[PDB]
Structure formats: C-alpha cells, structure tokens
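**Student:** Before the rest arrives, take these chains from my complex:
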Amino acid sequence: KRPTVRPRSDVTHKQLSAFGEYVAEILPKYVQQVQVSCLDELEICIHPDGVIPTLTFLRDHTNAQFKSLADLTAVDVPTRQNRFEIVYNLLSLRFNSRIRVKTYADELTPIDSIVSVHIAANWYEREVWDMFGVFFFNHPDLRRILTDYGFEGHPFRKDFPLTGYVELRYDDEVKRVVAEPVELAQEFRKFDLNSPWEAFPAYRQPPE
Amino acid sequence: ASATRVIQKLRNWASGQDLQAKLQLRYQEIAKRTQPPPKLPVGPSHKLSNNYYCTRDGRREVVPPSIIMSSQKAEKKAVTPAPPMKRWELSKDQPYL
Amino acid sequence: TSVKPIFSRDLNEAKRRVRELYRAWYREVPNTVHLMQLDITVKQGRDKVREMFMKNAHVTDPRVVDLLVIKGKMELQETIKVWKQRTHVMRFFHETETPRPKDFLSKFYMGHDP
Amino acid sequence: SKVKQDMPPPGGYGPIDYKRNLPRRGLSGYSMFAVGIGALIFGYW
Amino acid sequence: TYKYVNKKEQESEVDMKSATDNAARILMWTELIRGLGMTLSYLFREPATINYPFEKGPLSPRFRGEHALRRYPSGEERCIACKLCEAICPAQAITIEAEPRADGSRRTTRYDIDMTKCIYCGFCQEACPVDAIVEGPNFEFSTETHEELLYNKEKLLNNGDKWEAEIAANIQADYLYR
C-alpha cells in the first residue's frame, strides 16, 4: 500500500521457518542457532565440527538440494573470542531457494575445507585464507590468491591498516621495484560519521 | 544516406539485407540537442496532511531476526524451503533457432 | 588452558616440522640464487633464512609454530615454482632502506619517534 | 502546471524486429556442381 | 519461458539433395563467399569517423568534466566553505581550509582538488548547496606533469572564470532535472 515501504510476504517467512526447524531437528549435533530475518533469509549457525556434514546434507538431501554454492566469505568481528565468522551462501535451483550457513573460527583453530562438497570452495577458501588468515584443513592447494607475492599479513582483518605497511616504487640505484615503509603525501582523513542519537530503537541493546 | 543508387543496390545485394531502411548513422531522426524545459512531478509524500513520517517510516519497521531455535534460549511431515520450481514452458514465439 | 591442536600435539614434532622446513629452504637457496639472477651470494641468502628462523624462534605455542611452518611452506613453494620474482626475494634484505639506529641520541636527533 | 516528462508517444512505439533474420540466399548445390563440372569439361575440351 | 539456441526439431532425414547441398557448401565455400560479400558491403558504406580535432563528439549538459568554482553575478565567490563537497568526496580528493575574511564573510583559504585522485563523479557538484563547485564540460586539459593536475583555489577560480559562459548555460539547461 505504502509506496515508500518494501512489501512483505509472510509465506516465505513461514516456509523458511519450517525448513529451519527441519534442518535443526535433523542435525542437533552441530546446529547451534536458526534464524529467519525480516528479509526472509534463512541463517543456520553451526559448530565448526559440523561444516562437512551440514554442507553435505544440504547439497545431497532430497528436500534441500542446495547444489549451488553462492559464495563463501568471512567477517572479522574482533570483539568475540572466535573473531572470524565464516558464511556459506547456497542456492537451491530445484526449490528456488537460498540459505546461509554460519560458523566461527579464530586465528589458531582451522576449520574443515569443503572442496570435496563444492569445487568453487577451492578458490573461495584460498581467498578467505589470503584475506583473513583462517587456515583450512584438507585443502588441495591453500595459498595466496589476491595479495602480492610474499605479502606479509592478512589485509581484510579489522586491525590491518587501510593503506598497509609497505609501498612499492622503482629504485634506479638497484634498478628494481622495491618496498618501503609506507609514507603518504596526504594522510587519509578519518571521519567520525556517527550521530550521537540512537537511530533504531528495535536494536537497543540492554545496558551492561 | 548520401550513397548513390548503384552503391546502394551493390550494398543491399552484397549483404542480403535492406540497409537504407536501417542506417547505423544518425542523420536527422534523433532528438534535438535543445529541449523545452521539463516539469518533473512530485512523489506521493508531497501532501500537506495525513503525511506523518511515522506512518511511512519503512526504515524503522526492520526488526531483529526471529530466533527459530537457540542453544541457550530454546510424526510431522517433512518440508522443503519452498514448493518445487514449476517447469519452464517452451517459448510460443520462437522455440528453436 | 586446553585447546585443539592443528598438526602438532606438542613442541617436539612442531620442531621436527621446523627442521624439515629449514632443511628444504637451505636446499633451495643456491637454486634460487642461480635461477633468479640475484646479486647476493649463497652464503648471505642462507644467513637471511637462518635469521628469519631465529626471528621467529622465540615462540613455543605448538599451534603458532604449526601456522608458521605452514606459511613457510607457502613461501618456499612460491619460491620453488617461480612466481615470487627477484624483487620479491630482494625485499627480504631492505638494501634500499636506510636503517634506524636504536640509540637514544640518534632517535632524538631524527625526530619524535620513540 | 502540466508536468512535462520523457514519455512514449500515445500511439506507442513501432515494432522492433529483434528476431534473427538470415536472408536465405544462395544457388542450389546440384546446379553449382553442374556448372562446375560443365566448366571443367569445357576447359578440358 | 525459454527457447533452444542449438537444438533442432526431430530429424530432416538424410536425402541425396541435402547431402549434395552440404557437400557443395563445404566444397565451394558458400558461407565464406557470403561473408566476403557482406564485408564488401561494409567496404562500400560510409565510415563513422569524425574529423578530430576539427569535429567533436556530441555530449550533454550533464557532462562531468574539469572542476571549476563559480561566482554570483555580483562577482562574489559562491563557495561558503561548508565542506560538504569534501565530506561526500568518495576519493577524498578535496581539501578545504577556511577562516573569516577581512569583512567577516565565511570563505575558504584553501580549496584543493586532486585531479589524479578525483573520480569525476559529480558528488561535489550535487552536494554543493550554492552551486559553487561544478564539473564543467572541459576535458581537454591533459598535462605533461603530475603537479599540474594538483589544482588549488586559484586554478579552480581561474577555470570558473574561464568557463562561466558555458557552465552557467549548462546549469540553466539542466537545473530543472536536478
């Protein structure tokens, strides 16, 4: 009715809630949380030990048939103990649906790679390792894919600086392309673009 | 468009298509570079009454996601995430090339 | 204070993996210097490898040692099949950078950096 | 006033022949083979 | 719906005339001859080449070219040092320093825009509340040094004074859309 508000269909929410209950009761050993967002997207948060069984079940089940992996990514939230949140978005062409599977890791506990389940996970887990430093067990070839050759540090982490630590320039004395500690002619001006007034009362956290 | 009839016939025979009907060079059929000034209409919220922002605040209707089950907070027929996709019908316009 | 091991149960086979990686790096240094036409000699390349290992030598957490071994294997393999070039190898030596002496008088004469 | 805005004509735009149109032009295979053989025999004679 | 791009309906059998047609096609190069013919047709069309620099490619009044700082018809600078252009500048290519002028007006002391950092997106000219910064239609300002693309307030004001006869006309032509 309202031309400025996105229309909402509740049948997708009901279907995804039913499928979330379905997956949660099928796999109680690994599934830690099931939620359906206001956007009608199903998220299932699992233990890191159950990444292989969860992905295999979602790919090979008759009711799931999530044979297409949309993407594989990581989110760095460095306030929790397992700071890397690994997110698997999957697409079911048989049922025209999309699902999200979440798990956690830190800098020193690797999680199982799903190259045996989906083949795009090869390059996607290479990207995740190169950007965040999350190791993957039983990978065919885990190495850097996006950074420079011999790049030291994982740049998509929150504590990594935006400009980095080294910069490249041509030195004529050695006739090479050499790396220097980074110096900027103009420093990146950080902007404090946060209003001191609360925007969304629905997400008001309780006081500590 | 300035081509002679002999060259036009040669081009049409050599390409197999009527080329003078659809020329890729724009000559005069395009719009004028100078246009009359427009008057763009206003949206649905351009009214002087019954237009309180709380009645059309779609940004504030977003809620945190509903927890179906949680490990700390929390005979039936098996279900699917959605009904199975209907098979696509063949094109009635041009099904094959 | 109990965690999941990556590859090594304790420091012993972690040090074994360290020794294997150092062995293979020591093997590859002359081949690297010969193939990528490095201005350096074989001796100081091996010294560079050794003092990189001694730079990392202070850690005794088996998981961190396993991850350092893994990263060293990636660097070594990247040197085996030549994708890391002469510039990337020569980035280890910092021969184009004037070093900062660590004495208080020199750090006082340069600037405000501690 | 009256709003002026970029709009299609009231009668609508004409049809656009988006389909593939190969001319289907060409002499027949039997008769080009016949004229090739005839040229061969005439040249030989 | 959907359609097939390579599938063919049923079978067209194997007839002697069809076999002879295929043999003639791949023995006398019929598709090659027709491709040659229509390439000859394009040899006999008219080229689509304009005569640069004596002929210029057509553009629109919306064109985002070289940056410029405009003025009021009185001659006062339109800029009021409000820093929204550098606040919205996605490449951080605008640096502004300001102080009250001798008559107390709120004006800039420094307005630098880096052409080598600018992405020519028009966010400054659409966030400017007084139509001071504009992306005028100049694009033929390639320089032989990297320094000459590091514009300051004097260069931007000179560009605004140079291109005011065209920038104002473009803004007059297009301002009803924005």
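**Tutor:** Perfect, thanks for sending it. Numbers count the residues shown, from 1 in each chain, chains lettered A, B, ... in the order given.
**Student:** Let me know whether residue A:82 touches residue A:108 as I believe.
**Tutor:** No: the criterion here is Cβ atoms under 8 Å, and residue A:82 misses it with residue A:108 at 10.0 Å. Just so you know, the C-beta spots here come from the backbone N, C-alpha and C atoms, and that holds for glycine as well.
**Student:** for stretch A:22-42, which positions count as buried?
**Tutor:** The neighbour-count check on stretch A:22-42 (16 or more other Cβ atoms under 10 Å in any protein chain shown) flags A:22-24, A:27, A:30-37, A:40-42 as buried.
**Student:** now stretch A:194-203
**Tutor:** In stretch A:194-203, counting by 16+ other Cβ under 10 Å, buried: nothing.
**Student:** on that earlier part again, now the two most distant members of the buried residues of stretch A:22-42.
**Tutor:** Farthest pair in the buried residues of stretch A:22-42 (Cβ to Cβ) is A:30 and A:40. Separation: 23.9 Å.
**Student:** before we move on, what SS does residue B:83 have?
**Tutor:** coil (DSSP: H, G, I helix; E, B strand; the rest coil).
**Student:** How about the residues of chain B by chain A?
**Tutor:** B:43-45, B:55-56, B:58-71, B:78-85 (Cβ under 8 Å from any Cβ of the partner chain).
**Student:** Only the buried subset of those residues, as a ChimeraX command please.
**Tutor:** In ChimeraX, this line selects whichever of these come out buried by 16+ other Cβ under 10 Å:
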select /B:65,68,69,79,80,81,82
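**Student:** Unless I misread the structure, residue C:32 falls within a helix.
**Tutor:** Yes: assessed by three-state DSSP, residue C:32 belongs to a helix.
**Student:** Centre of the chain to stretch A:53-67, how far?
**Tutor:** 20 Å (Cα atoms, centre = their mean, to the nearest Å).
**Student:** In stretch C:86-98, which residues are buried?
**Tutor:** So for stretch C:86-98, counting by 16+ other Cβ under 10 Å, buried means C:86-91, C:93.
**Student:** now for chain F, put it on the one above:
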Amino acid sequence: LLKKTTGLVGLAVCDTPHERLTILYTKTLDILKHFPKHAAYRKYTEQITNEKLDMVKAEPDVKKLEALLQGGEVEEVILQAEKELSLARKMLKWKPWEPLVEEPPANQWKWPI
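**Tutor:** This next block brings in chain F, placed alongside the chains you saw above:
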C-alpha cells in the same frame, strides 16, 4: 516412446527408469533401517523415500511419473536417489542425531556488537 535427449549435458538417458528408481529407493530404505529409531533424519528420509516409491509404483508412464515427482526429469530423480543413498551412508557414519557437541560462546551470534 523413448526420450531422445535429457536436455542436460553429460546426463545419460535411462531406458529403464522405474526399475532403477525402485532398487535405489529399496536400497535407501534398507540402509535407513540401520539408523536409530529416534533419528529425525531417518524418519524424514523414510517419508520421502516411501512417498516416491509409492508414486513410482503407481505411475507406469514416464512423462506422467516425471510430472508427479516434479523433481525435474526422471534421470535427475535417479541421480537424486543416488545422492540420497550416499548421503544416508554418510549420515550413518557421522551420527548427527547426537546432542550438541559444544556450546558456542555467549556473544558468538550476537549482532550487532
């Protein structure tokens, strides 16, 4: 008649779709009988396997069977039955009906922080 092609590259045409589906569903039920009785995966997969086996036995026509099963073509249904059998073996090995292995930290899934 017989299907000339399946419309998918690399998928063969099965000339005996009913027997293959029957033996695949029977093998799936037999390997599901080794699961624990309280296994939700066993209960659900037995439900779909029994329903699809009943529909296969009910419909002898290939096209009507495909329209009934609505899982694409019957070759795709055969492939899905094979993958379900392999998944049943993998579930039997992994044993996912057990309780939760290890509770996550307190703020592991709290967003925003």
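**Student:** Go back to the buried residues of stretch A:22-42, now with chain F?
**Tutor:** For stretch A:22-42, the neighbour count (16+ other Cβ under 10 Å) marks A:22-37, A:40-42 as buried.
**Student:** and chain B, which of the residues you listed reach it?
**Tutor:** A:22, A:24, A:31-37, A:42.
**Student:** Please report how far residue B:31 lies from chain F.
**Tutor:** 46 Å (Cβ to the nearest Cβ, to the nearest Å).
**Student:** Please produce a markdown table containing the ones next to chain B among the buried residues of stretch A:22-42, extended by secondary structure.
**Tutor:** Listed next are these as a markdown table, based on three-state DSSP:
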| residue | secondary structure |
| --- | --- |
| A:22 | helix |
| A:24 | helix |
| A:31 | strand |
| A:32 | strand |
| A:33 | strand |
| A:34 | strand |
| A:35 | strand |
| A:36 | strand |
| A:37 | coil |
| A:42 | strand |
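**Student:** out of those residues, which touch chain E?
**Tutor:** Of those, not one also sits near chain E (Cβ under 8 Å from any Cβ).
**Student:** What backbone torsions are found at residue A:112?
**Tutor:** phi -70, psi 130 (degrees, to the nearest 10).
**Student:** For residue A:56, see how far away it is.
**Tutor:** With the distance defined as Cβ to Cβ, to the nearest Å, residue A:112 ends up 11 Å from residue A:56.
**Student:** now residue D:17
**Tutor:** Distance of residue D:17 to residue A:56, computed by Cβ to Cβ: 51 Å.
**Student:** the more surrounded of these two?
**Tutor:** Between residue D:17 and residue A:56, counted using other Cβ atoms under 10 Å in any protein chain shown, residue A:56 has the larger neighbour count: 20 against 8.
**Student:** That one - that's part of a helix, no?
**Tutor:** Yes: Residue A:56 sits within a helix when classified using three-state DSSP.
**Student:** thinking it is in contact with residue F:87, fair?
**Tutor:** Yes: contact status for residue A:56 versus residue F:87: in contact at 6.5 Å, counting by Cβ under 8 Å.
**Student:** The following sequence is to be added as chain G:
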Amino acid sequence: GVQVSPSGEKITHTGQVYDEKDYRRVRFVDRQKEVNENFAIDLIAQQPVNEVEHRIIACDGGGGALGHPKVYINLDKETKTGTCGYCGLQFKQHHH
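**Tutor:** Okay, chain G now, added to the rest:
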C-alpha cells in the same frame, strides 16, 4: 586588487605569499604563479546597498533555484546594513 611583495611575487586573495628566503619559490622559477585577478572581497565591496521598504528582507542570491538557500535578514539596526551570509549582498531599510 593583486599586490606584489618586496620579493616581486604576487599576493593571493588569501594573503598568501612566499618569503624572500623561502626555497619554495623555485617552483615559480622559469614559470608563473597564477593568482585569480578578480578579488571577491573587492567585487562585493563594489556592489551598491539594496534599499528596501521592509523590516525583514529575503535573499536567495537571484535566479531562484540557481542561487543560494533562501534566508531572511532583519534590518533593524539603522547604523549597519544587513549582509547576506551567502552572497554578501547588503540591504538597508528605507525609513523615510
């Protein structure tokens, strides 16, 4: 107007000029330091004061949407003309 320093270098409208012993004028050696000749403070000083008949005037800089945001200037002080904060135009109430 554009004035020159004792060094011979033109002084900008911001008052910026290089010192005699400043080394940064070598960038202007064999080149030119361009200064915008039209000084906005002088140009707005040349503008006559608009003599209006109202206690509160409204300014948009002229041209409607082509000017600045519309503001209101209170011309109560008879010893001082009211200046627009955007365009710098001066207004004076006619009390005769």
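**Student:** Please re-evaluate the buried residues of stretch A:22-42 in the presence of chain G.
**Tutor:** Quick answer for stretch A:22-42 (16+ other Cβ under 10 Å): A:22-37, A:40-42.
**Student:** Can you give me the end-to-end span of that stretch?
**Tutor:** Across its full length, stretch A:22-42 reaches 12 Å between end residues, using Cα to Cα, to the nearest Å.
**Student:** near chain F, from the buried residues of stretch A:22-42?
**Tutor:** Answer for the buried residues of stretch A:22-42 near chain F (Cβ under 8 Å from any Cβ): A:22, A:25-33.
**Student:** from those residues, which two are the most distant?
**Tutor:** A:22 and A:32 (16.1 Å).
**Student:** In contact with the residue nearest to residue G:53 when sequence neighbours are not counted, which residues?
**Tutor:** Nearest non-adjacent residue to residue G:53, counting by Cβ to Cβ, 6 or more residues apart in numbering or on different chains: residue G:94, 5.2 Å away. By Cβ atoms under 8 Å, 6 or more residues apart in numbering or on different chains, residue G:94 lies in contact with G:51-53.
**Student:** let's go with 10 Å and repeat that
**Tutor:** By Cβ atoms under 10 Å, 6 or more residues apart in numbering or on different chains, the contact set of residue G:94 is G:51-54, G:75.
**Student:** Relative to its centre, which residue of chain G is most distant?
**Tutor:** residue G:30 (31.7 Å; Cα atoms, centre = their mean).
**Student:** Distance-wise, check the residue nearest to residue G:53 relative to chain C.
**Tutor:** Distance from residue G:94 to chain C, by Cβ to the nearest Cβ: 62 Å.
**Student:** One more: residue B:43?
**Tutor:** Residue B:43 is 56 Å from chain C, by Cβ to the nearest Cβ.
**Student:** ok, that residue touching residue A:2?
**Tutor:** No: applying Cβ atoms under 10 Å, one finds residue B:43 not in contact with residue A:2, separated by 11.9 Å.
**Student:** where do the contact lists of these two overlap?
**Tutor:** Contacts common to residue B:43 and residue A:2, judged by Cβ under 10 Å, 6+ apart, are absent.
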